[PDB]
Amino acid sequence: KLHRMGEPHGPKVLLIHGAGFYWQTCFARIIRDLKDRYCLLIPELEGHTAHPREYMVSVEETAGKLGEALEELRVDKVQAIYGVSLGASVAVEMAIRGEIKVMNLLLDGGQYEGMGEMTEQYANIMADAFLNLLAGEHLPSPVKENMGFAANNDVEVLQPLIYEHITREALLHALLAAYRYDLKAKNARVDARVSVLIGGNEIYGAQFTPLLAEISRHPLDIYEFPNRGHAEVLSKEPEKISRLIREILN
């Protein structure tokens, strides 16, 4: 389930949303800003739809299926993948598999550790936290502070990104996939230039940049956004993501 907008023959830009998000609300403004010129391809993560017929199994299987959807459209090269949160793990995995050639990765709030048997317990907390946002209830400490929302702006920032018809099972499976992914273990190398977007209020925003740096055959570009938390630039200034994509693609 890969949605296609903008100029079909234009350069290809893939936009991959995160766990609990929705393709159509995550990237509305970005699509509007780039559709004049770019071919925007926007997948739905498994189960992130009104009537889900399946749920996510792993970052690897989601990346594999996406590569097949791209092949359907005869897309074998993309100029950029932007991925937010889990979507950044799917982007990286696409760069590693190599079915499809990837020139640039823009990774916003990626988490790539691989929690092994703690995966279940973290997924369940985060699942509940995210659904609670739909009630306007705040994230539990220390998650709230770690994600960069000590000002209690987590509801105002994240609530608009949570898919309003998401089911807990779908969200949970996506989070299990997110937390299970272990990038270090792959001993991977990517050709893509990697750019990392980091919100300055994310307490551990830079934790994974060393890992990404040994993966890329090219130096990393880091983009810092001050007083911003996890996915805050996407939520409230997606137009800066648009500008950055255009800039990197020149």
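Position 1 is the first residue in the sequence shown; the rest follow in order.
Checked against the record, the higher mean CA B factor of 55-63 and 208-216 lies with 208-216. Relative to its counterpart among 25-33 and 199-207, 199-207 has the higher mean temperature factor, C-alpha atoms as listed in the PDB entry. Per the deposited coordinates, the residue with the largest Cα temperature factor out of 87, 109, 136, 116 is 136.
In this structure the maximum Cα B-factor among 45, 39, 185, 192 is found at 185.
Among all modelled residues in its chain, residue 229 ranks in the middle third by Cα B-factor. Per-chain ranking of the deposited C-alpha B factor places residue 167 in the lowest third.
Placement of the Cα temperature factor of residue 173 within the chain: lowest third of the modelled residues, per the deposited record. Looking at the C-alpha B-factors along this chain, the one for residue 17 belongs to the lowest third. The PDB entry assigns residue 161 a C-alpha temperature factor belonging to the middle third of its chain's modelled residues.
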